[PDB]
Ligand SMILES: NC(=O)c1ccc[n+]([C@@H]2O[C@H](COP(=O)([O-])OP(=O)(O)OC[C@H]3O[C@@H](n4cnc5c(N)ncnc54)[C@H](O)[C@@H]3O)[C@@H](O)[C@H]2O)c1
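Next up is one chain by itself, shown in structure tokens, the form deposited without the named molecule.
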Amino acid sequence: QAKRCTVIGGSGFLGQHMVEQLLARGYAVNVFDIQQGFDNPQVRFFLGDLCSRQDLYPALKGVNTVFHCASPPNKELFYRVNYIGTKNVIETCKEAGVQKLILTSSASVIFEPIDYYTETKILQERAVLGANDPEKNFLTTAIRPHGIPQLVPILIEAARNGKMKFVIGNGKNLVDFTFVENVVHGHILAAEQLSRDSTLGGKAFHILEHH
């Protein structure tokens, strides 16, 4: 019964899709943002600032996964949204008895000049990854898609030990997917695979291609 979830940034470019893919999978999606980006069926929309617990908790109690995707299109404007409000997303994900928080960070963070927007995406990710807590039944994960600047990682070493963990999917069904749709399929697969293996907990993750 507990396969319910919630998207922060559902009014964004990616949240839109996140929800889309998520409903098809058979999921009671709840959307939380500051505006109403569009209308959709079977998705209770919640509105409010993410920095406020008081405007947020209504949107989280009941669900077992939170997809945090929020990001604006400026220090305080970048600091408060990605840092201050994420710490509140962490604080009230615990209160509302959520079990699985999936952060949508970037790929620029693998760079250790780095802009300020990315200064806040490392701060954010660390926060989210720091809060991994299998004991209090709270597993967090970060996912690094590129884009939604002018420097991007093309290739990543795959350690020859098999020391690195990796997420497996079935590409026979997603033969028709687009770039954005693969960013979502990434978030979801980790999400549902967190529910089996707590040792994805704490880990950032890059997305691979599939022809």
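In case it trips you up, residue 1 is the first one in the sequence shown, and so on.
According to the record, the deposited sequence contains 10 or more residues between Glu112 and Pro113 that were left without coordinates. In terms of unmodelled positions of the deposited sequence, the stretch from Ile148 to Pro149 in this entry skips 4 to 9 residues. As the entry records it, the average C-alpha temperature factor is higher for 160-168, out of 160-168 and 62-70. Comparing 77-85 with 101-109, the stretch with the higher mean C-alpha B-factor in the PDB entry is 77-85. When the C-alpha B-factors of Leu155, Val180, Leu174, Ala142 are read from the PDB record, the largest value belongs to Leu174. Ranked against the other modelled residues of its chain, the C-alpha B-factor of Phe32 as given in the entry falls in the lowest third.
Below: the form deposited with the named molecule bound, not depicted.
Although the chain is displayed without it, the named molecule can be placed by superposition from its pose in the deposited complex; doing so yields three or more atoms within 2.4 Å of backbone or C-beta atoms, and the site is blocked.
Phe32 belongs to the set of residues with a heavy atom inside 4.5 Å of the named molecule in the deposited complex. The shortest heavy atom separation between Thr104 and the named molecule in the deposited complex is within 4.5 Å.
When the named molecule is considered in the deposited complex, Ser71 lines it closely, a heavy atom lying within 4.5 Å.
Within 4.5 Å of any heavy atom of the named molecule in the deposited complex lies no heavy atom of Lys165. Relative to the named molecule in the deposited complex, residues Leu14, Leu50 and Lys121 are all within 4.5 Å by at least one heavy atom. With the named molecule left out of view, the stretch that reaches within 4.5 Å of it through heavy atoms in the deposited complex is, among 50-58, 154-162, 168-176, 22-30, 50-58.
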